[PDB]
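Worksheet for the structure shown next.
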Amino acid sequence: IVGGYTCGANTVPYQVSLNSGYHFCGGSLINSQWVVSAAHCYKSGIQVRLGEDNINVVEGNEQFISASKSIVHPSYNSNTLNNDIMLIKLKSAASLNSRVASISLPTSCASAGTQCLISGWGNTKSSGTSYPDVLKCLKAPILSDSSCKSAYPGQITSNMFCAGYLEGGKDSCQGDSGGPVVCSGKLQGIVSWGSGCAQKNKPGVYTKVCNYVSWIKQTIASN
Ligand SMILES: [Ca+2]
């Protein structure tokens, strides 16, 4: 996250770290057995790390659970990043507490101008490299249709939205991928892509979770 703030310990109890010997992506706990992330975050050998704040120290509240299976969306296109969503089933159920909570799935899509919370352990500079050890947060609006597609002509689908600031300075970045965008209590987004970070006229692009609820429910019920 660029231009954000230090969330504060376990203030985002649904935020997950995906680890393969190191942190590589974020995720969202949707129930004691399932995590949602981005399909471009697919790897083998995933361990899901819950209740984190400092990903470089063992601070007590953490639960480290291996993935038993991963399911990338049937129509994921790695070239376009259309349908950038994946489900990750935990080997063993997580214990839900004050530091580890699930996030609700949307009942409807959010409108432009809605205030969201975006969080992650990604790079905090728009120019150069600086990776935080602690969770970073960002308050950002959902941008209009037109503003999103004007920035990225011919690249935006129905399954995407933009959020952030046209003036730049505030955005998600490398390492935030697969992490949550929570608006009015619901998981509306997944950190997907963008043209660099916190650059002018290039907002972040997010997977539009409200299009996928049916798929998520049927899939989780059958697996
Ligand atoms: Ca820790």
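Letters for chains follow the order of the structure tokens (A, B, ...), residue numbers begin at 1 for each chain, and ligand numbers begin at 1 in the order shown.
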
**Request:** Give as a list in words the residues surrounding ligand 1 up to a distance of 9 Å, considering only C-alpha atoms and all ligand atoms.
**Result:**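 So, counting only C-alpha atoms and all ligand atoms, the residues near ligand 1 are residues 49, 50, 51, 52, 53, 54, 55, 56, 57, 58, 59, 60, 61, 62, 133 and 134 of chain A.
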
Since we have the selection now, will you write its residues out, keeping N, CA, C and O atoms, as a JSON list (two decimals), in the first residue's frame?
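Final output, selection-v1.json:
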```
[["chain", "number", "residue", "atom", "x", "y", "z"],
["A", 49, "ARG", "N", -1.61, -17.86, 6.61],
["A", 49, "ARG", "CA", -1.25, -17.25, 7.90],
["A", 49, "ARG", "C", -2.28, -16.21, 8.35],
["A", 49, "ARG", "O", -2.45, -15.17, 7.68],
["A", 50, "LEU", "N", -2.97, -16.55, 9.41],
["A", 50, "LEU", "CA", -4.08, -15.78, 9.98],
["A", 50, "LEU", "C", -3.67, -15.06, 11.27],
["A", 50, "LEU", "O", -2.78, -15.56, 11.99],
["A", 51, "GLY", "N", -4.35, -13.97, 11.56],
["A", 51, "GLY", "CA", -4.16, -13.21, 12.80],
["A", 51, "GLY", "C", -2.81, -12.51, 12.85],
["A", 51, "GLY", "O", -2.24, -12.30, 13.95],
["A", 52, "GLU", "N", -2.28, -12.22, 11.68],
["A", 52, "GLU", "CA", -0.99, -11.54, 11.58],
["A", 52, "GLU", "C", -1.11, -10.04, 11.76],
["A", 52, "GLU", "O", -2.04, -9.41, 11.19],
["A", 53, "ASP", "N", -0.01, -9.48, 12.21],
["A", 53, "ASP", "CA", 0.28, -8.06, 12.03],
["A", 53, "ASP", "C", 1.69, -7.85, 11.51],
["A", 53, "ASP", "O", 1.87, -7.57, 10.29],
["A", 54, "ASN", "N", 2.66, -8.20, 12.34],
["A", 54, "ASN", "CA", 4.05, -8.27, 11.89],
["A", 54, "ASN", "C", 4.39, -9.64, 11.34],
["A", 54, "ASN", "O", 4.49, -10.62, 12.11],
["A", 55, "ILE", "N", 4.53, -9.72, 10.05],
["A", 55, "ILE", "CA", 4.79, -11.01, 9.40],
["A", 55, "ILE", "C", 6.21, -11.52, 9.58],
["A", 55, "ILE", "O", 6.54, -12.63, 9.10],
["A", 56, "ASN", "N", 7.01, -10.76, 10.30],
["A", 56, "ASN", "CA", 8.41, -11.14, 10.56],
["A", 56, "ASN", "C", 8.69, -11.48, 12.02],
["A", 56, "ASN", "O", 9.79, -12.00, 12.32],
["A", 57, "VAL", "N", 7.70, -11.35, 12.87],
["A", 57, "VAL", "CA", 7.82, -11.83, 14.26],
["A", 57, "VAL", "C", 6.62, -12.63, 14.73],
["A", 57, "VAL", "O", 5.48, -12.29, 14.33],
["A", 58, "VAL", "N", 6.85, -13.69, 15.48],
["A", 58, "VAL", "CA", 5.79, -14.49, 16.11],
["A", 58, "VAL", "C", 5.26, -13.83, 17.38],
["A", 58, "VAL", "O", 6.02, -13.67, 18.37],
["A", 59, "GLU", "N", 4.12, -13.20, 17.23],
["A", 59, "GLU", "CA", 3.62, -12.27, 18.23],
["A", 59, "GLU", "C", 2.50, -12.82, 19.10],
["A", 59, "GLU", "O", 1.95, -12.06, 19.94],
["A", 60, "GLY", "N", 2.19, -14.09, 18.90],
["A", 60, "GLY", "CA", 1.15, -14.78, 19.71],
["A", 60, "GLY", "C", -0.14, -15.15, 18.99],
["A", 60, "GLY", "O", -0.61, -16.31, 19.12],
["A", 61, "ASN", "N", -0.84, -14.16, 18.46],
["A", 61, "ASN", "CA", -2.21, -14.38, 17.97],
["A", 61, "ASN", "C", -2.33, -15.21, 16.69],
["A", 61, "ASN", "O", -3.44, -15.24, 16.11],
["A", 62, "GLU", "N", -1.21, -15.70, 16.15],
["A", 62, "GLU", "CA", -1.21, -16.28, 14.79],
["A", 62, "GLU", "C", -1.64, -17.74, 14.67],
["A", 62, "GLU", "O", -1.24, -18.59, 15.50],
["A", 133, "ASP", "N", 6.84, -4.47, 7.44],
["A", 133, "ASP", "CA", 6.63, -5.72, 8.18],
["A", 133, "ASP", "C", 5.23, -5.81, 8.79],
["A", 133, "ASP", "O", 4.78, -6.92, 9.16],
["A", 134, "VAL", "N", 4.57, -4.67, 8.91],
["A", 134, "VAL", "CA", 3.23, -4.57, 9.51],
["A", 134, "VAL", "C", 2.13, -4.15, 8.54],
["A", 134, "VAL", "O", 2.43, -3.60, 7.45]]
```

**Message:** Using only C-alpha atoms, which protein or nucleic acid residues come within 6 Å of residue 190 (chain A)? Drop anything in the same chain fewer than 6 positions from it, and give the result as a list in words.
**Reply:**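 Once the adjacent positions are removed, what remains is residues 178, 179, 180, 181, 206 and 207 of chain A.
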
Proximity check region 133-213 of chain A to region 98-106 of chain A, 10 Å, nearest pairs one decimal Å, only C-alpha atoms, as a tab-separated table:
```
residue	atom	partner	partner_atom	distance
A:180	CA	A:103	CA	9.2
A:182	CA	A:103	CA	8.4
A:183	CA	A:106	CA	9.2
A:184	CA	A:106	CA	9.4
A:185	CA	A:104	CA	7.1
A:186	CA	A:104	CA	5.2
A:187	CA	A:105	CA	5.4
A:188	CA	A:106	CA	6.4
A:189	CA	A:106	CA	9.8
A:209	CA	A:106	CA	7.5
A:210	CA	A:106	CA	5.8
A:211	CA	A:106	CA	9.4
A:212	CA	A:106	CA	9.6
A:213	CA	A:105	CA	7.0
```

Emit the selected residues as a short mmCIF file (atom, residue, chain, number, x, y, z; two decimals), in the first residue's frame, including N, CA and C atoms.
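Output below, filename part-v3.cif:
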```cif
data_model
loop_
_atom_site.label_atom_id
_atom_site.label_comp_id
_atom_site.auth_asym_id
_atom_site.auth_seq_id
_atom_site.Cartn_x
_atom_site.Cartn_y
_atom_site.Cartn_z
N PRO A 180 -8.10 -7.99 0.38
CA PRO A 180 -9.49 -7.51 0.50
C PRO A 180 -9.71 -6.04 0.14
N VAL A 182 -13.03 -3.98 1.28
CA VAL A 182 -14.27 -4.10 2.07
C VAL A 182 -15.04 -2.79 2.15
N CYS A 183 -16.25 -2.81 1.65
CA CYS A 183 -17.10 -1.62 1.55
C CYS A 183 -18.46 -1.90 2.18
N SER A 184 -18.86 -1.05 3.10
CA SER A 184 -20.13 -1.18 3.83
C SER A 184 -20.34 -2.58 4.42
N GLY A 185 -19.29 -3.07 5.03
CA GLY A 185 -19.30 -4.33 5.77
C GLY A 185 -19.12 -5.58 4.92
N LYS A 186 -19.07 -5.43 3.61
CA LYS A 186 -18.98 -6.62 2.73
C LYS A 186 -17.71 -6.65 1.88
N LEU A 187 -17.29 -7.83 1.52
CA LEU A 187 -16.13 -8.02 0.63
C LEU A 187 -16.49 -7.71 -0.82
N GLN A 188 -16.22 -6.50 -1.27
CA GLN A 188 -16.63 -6.13 -2.62
C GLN A 188 -15.54 -6.37 -3.66
N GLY A 189 -14.31 -6.41 -3.20
CA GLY A 189 -13.19 -6.47 -4.14
C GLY A 189 -12.03 -7.37 -3.75
N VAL A 209 -16.21 -8.92 -6.80
CA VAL A 209 -16.70 -10.12 -6.09
C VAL A 209 -18.21 -10.37 -6.21
N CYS A 210 -18.98 -9.31 -6.37
CA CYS A 210 -20.45 -9.46 -6.41
C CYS A 210 -20.94 -10.28 -7.60
N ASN A 211 -20.11 -10.40 -8.62
CA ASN A 211 -20.41 -11.23 -9.80
C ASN A 211 -20.19 -12.72 -9.56
N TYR A 212 -19.53 -13.03 -8.46
CA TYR A 212 -19.00 -14.38 -8.21
C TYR A 212 -19.63 -15.13 -7.05
N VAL A 213 -20.54 -14.49 -6.34
CA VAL A 213 -21.10 -15.06 -5.11
C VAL A 213 -21.71 -16.45 -5.30
#
```

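With only C-alpha atoms as the atoms that count, the minimum distance from residue 85 (chain A) to the choices A:147, A:192, A:19, A:107 is reached by A:192.
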
**Request:** Mind giving me the straight-line distance from CA of residue 173 (chain A) to CA of residue 156 (chain A) in Å, one decimal?
**Result:** 18.5 Å

**Asked** In Å to one decimal, how far is CA of residue 14 (chain A) from CA of residue 191 (chain A)?
**Response** 14.6 Å

**Request:** Kindly indicate which residue among A:153, A:204, A:21, A:164 lies nearest to residue 44 (chain A), using only C-alpha atoms for the distances.
**Result:**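 For residue 44 (chain A), the nearest of the given residues is A:21.
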
Among chain A, which ones does DSSP place in strand (DSSP E or B), written as a PDB file with C-alpha atoms, in the first residue's frame?
```pdb
ATOM      1  CA  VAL A   2       1.252   3.459  -1.008  1.00  0.00           C
ATOM      2  CA  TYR A   5      -1.529   4.147   7.244  1.00  0.00           C
ATOM      3  CA  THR A   6      -0.535   1.536   9.803  1.00  0.00           C
ATOM      4  CA  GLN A  15      -6.874 -10.298   6.364  1.00  0.00           C
ATOM      5  CA  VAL A  16      -4.715 -13.334   5.484  1.00  0.00           C
ATOM      6  CA  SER A  17      -1.090 -13.739   4.437  1.00  0.00           C
ATOM      7  CA  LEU A  18      -0.307 -16.351   1.790  1.00  0.00           C
ATOM      8  CA  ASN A  19       3.152 -17.802   2.477  1.00  0.00           C
ATOM      9  CA  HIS A  23       4.868 -13.598   1.962  1.00  0.00           C
ATOM     10  CA  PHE A  24       3.701 -13.347  -1.648  1.00  0.00           C
ATOM     11  CA  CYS A  25      -0.010 -12.442  -1.598  1.00  0.00           C
ATOM     12  CA  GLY A  26      -2.938 -11.397   0.554  1.00  0.00           C
ATOM     13  CA  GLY A  27      -6.334 -13.038   1.035  1.00  0.00           C
ATOM     14  CA  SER A  28      -9.689 -12.942   2.835  1.00  0.00           C
ATOM     15  CA  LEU A  29     -11.142 -15.442   5.287  1.00  0.00           C
ATOM     16  CA  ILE A  30     -14.749 -16.094   4.269  1.00  0.00           C
ATOM     17  CA  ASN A  31     -15.444 -18.913   6.754  1.00  0.00           C
ATOM     18  CA  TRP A  34     -12.177 -21.102   3.119  1.00  0.00           C
ATOM     19  CA  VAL A  35     -10.045 -18.182   1.868  1.00  0.00           C
ATOM     20  CA  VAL A  36     -10.581 -16.042  -1.240  1.00  0.00           C
ATOM     21  CA  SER A  37      -7.661 -14.526  -3.170  1.00  0.00           C
ATOM     22  CA  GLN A  47       0.460 -21.919   3.792  1.00  0.00           C
ATOM     23  CA  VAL A  48      -2.256 -19.567   5.041  1.00  0.00           C
ATOM     24  CA  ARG A  49      -1.250 -17.252   7.898  1.00  0.00           C
ATOM     25  CA  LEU A  50      -4.077 -15.776   9.983  1.00  0.00           C
ATOM     26  CA  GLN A  63      -2.582 -19.416  13.145  1.00  0.00           C
ATOM     27  CA  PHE A  64      -0.500 -21.091  10.420  1.00  0.00           C
ATOM     28  CA  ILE A  65      -2.553 -23.607   8.377  1.00  0.00           C
ATOM     29  CA  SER A  66      -1.675 -25.354   5.131  1.00  0.00           C
ATOM     30  CA  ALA A  67      -3.888 -25.375   2.069  1.00  0.00           C
ATOM     31  CA  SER A  68      -5.566 -28.659   1.210  1.00  0.00           C
ATOM     32  CA  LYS A  69      -6.850 -27.525  -2.167  1.00  0.00           C
ATOM     33  CA  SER A  70      -6.890 -24.606  -4.543  1.00  0.00           C
ATOM     34  CA  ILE A  71      -9.532 -23.800  -7.127  1.00  0.00           C
ATOM     35  CA  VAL A  72      -8.904 -21.144  -9.746  1.00  0.00           C
ATOM     36  CA  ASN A  77      -7.557 -15.557 -18.344  1.00  0.00           C
ATOM     37  CA  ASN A  82     -10.377 -11.366 -16.430  1.00  0.00           C
ATOM     38  CA  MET A  86      -9.370 -18.259  -6.515  1.00  0.00           C
ATOM     39  CA  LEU A  87     -10.635 -20.315  -3.557  1.00  0.00           C
ATOM     40  CA  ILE A  88      -8.294 -21.880  -1.002  1.00  0.00           C
ATOM     41  CA  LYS A  89      -9.485 -24.576   1.398  1.00  0.00           C
ATOM     42  CA  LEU A  90      -7.629 -24.955   4.717  1.00  0.00           C
ATOM     43  CA  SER A 104     -19.259 -11.391   4.670  1.00  0.00           C
ATOM     44  CA  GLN A 115     -15.888   4.350   0.623  1.00  0.00           C
ATOM     45  CA  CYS A 116     -13.860   1.138   0.958  1.00  0.00           C
ATOM     46  CA  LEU A 117     -10.996  -0.258   3.046  1.00  0.00           C
ATOM     47  CA  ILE A 118      -8.034  -1.817   1.211  1.00  0.00           C
ATOM     48  CA  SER A 119      -5.271  -3.541   3.169  1.00  0.00           C
ATOM     49  CA  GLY A 120      -1.970  -5.395   2.745  1.00  0.00           C
ATOM     50  CA  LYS A 136      -0.976  -1.176   5.938  1.00  0.00           C
ATOM     51  CA  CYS A 137      -4.478   0.261   5.315  1.00  0.00           C
ATOM     52  CA  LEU A 138      -6.094   2.625   2.790  1.00  0.00           C
ATOM     53  CA  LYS A 139      -9.465   4.342   2.597  1.00  0.00           C
ATOM     54  CA  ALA A 140     -10.437   4.635  -1.075  1.00  0.00           C
ATOM     55  CA  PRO A 141     -13.646   5.292  -3.067  1.00  0.00           C
ATOM     56  CA  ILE A 142     -14.990   3.165  -5.896  1.00  0.00           C
ATOM     57  CA  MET A 160     -13.592  -5.485 -12.735  1.00  0.00           C
ATOM     58  CA  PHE A 161     -13.778  -2.140 -10.985  1.00  0.00           C
ATOM     59  CA  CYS A 162     -11.418   0.719 -10.197  1.00  0.00           C
ATOM     60  CA  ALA A 163     -10.876   2.298  -6.819  1.00  0.00           C
ATOM     61  CA  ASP A 171      -2.978   2.964  -4.176  1.00  0.00           C
ATOM     62  CA  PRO A 180      -9.491  -7.505   0.504  1.00  0.00           C
ATOM     63  CA  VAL A 181     -11.486  -4.467  -0.510  1.00  0.00           C
ATOM     64  CA  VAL A 182     -14.265  -4.095   2.072  1.00  0.00           C
ATOM     65  CA  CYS A 183     -17.104  -1.624   1.552  1.00  0.00           C
ATOM     66  CA  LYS A 186     -18.976  -6.619   2.732  1.00  0.00           C
ATOM     67  CA  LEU A 187     -16.134  -8.021   0.632  1.00  0.00           C
ATOM     68  CA  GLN A 188     -16.634  -6.129  -2.622  1.00  0.00           C
ATOM     69  CA  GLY A 189     -13.190  -6.467  -4.145  1.00  0.00           C
ATOM     70  CA  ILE A 190      -9.907  -8.341  -4.632  1.00  0.00           C
ATOM     71  CA  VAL A 191      -6.578  -6.593  -5.323  1.00  0.00           C
ATOM     72  CA  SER A 192      -5.946  -7.472  -8.935  1.00  0.00           C
ATOM     73  CA  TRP A 193      -3.833  -5.192 -11.143  1.00  0.00           C
ATOM     74  CA  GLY A 204      -5.933   0.208  -8.983  1.00  0.00           C
ATOM     75  CA  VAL A 205      -8.063  -2.480 -10.630  1.00  0.00           C
ATOM     76  CA  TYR A 206     -10.031  -4.937  -8.503  1.00  0.00           C
ATOM     77  CA  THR A 207     -11.972  -8.156  -9.045  1.00  0.00           C
ATOM     78  CA  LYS A 208     -15.683  -7.453  -8.651  1.00  0.00           C
TER      79      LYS A 208
END
```

**Prompt:** Separation of CA of residue 145 (chain A) and CA of residue 81 (chain A), in Å?
**Reply:**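 Those two atoms sit 17.7 Å apart.
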
**Request:** Assign secondary structure with DSSP using the backbone only, and return the residues of chain A in helix (DSSP H, G or I) as a PyMOL selection string.
**Result:** chain A and resi 39-41+145-151+209-211+213-222

**Prompt:** Which one is closest to residue 76 (chain A): A:39, A:168, A:218, A:125? Count only C-alpha atoms.
**Reply:**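 Between A:39, A:168, A:218, A:125, the residue approaching residue 76 (chain A) most closely is A:39.
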
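Restricting the calculation to only C-alpha atoms, the smallest distance between residue 113 (chain A) and any of A:166, A:143, A:198, A:9 is found for A:143.
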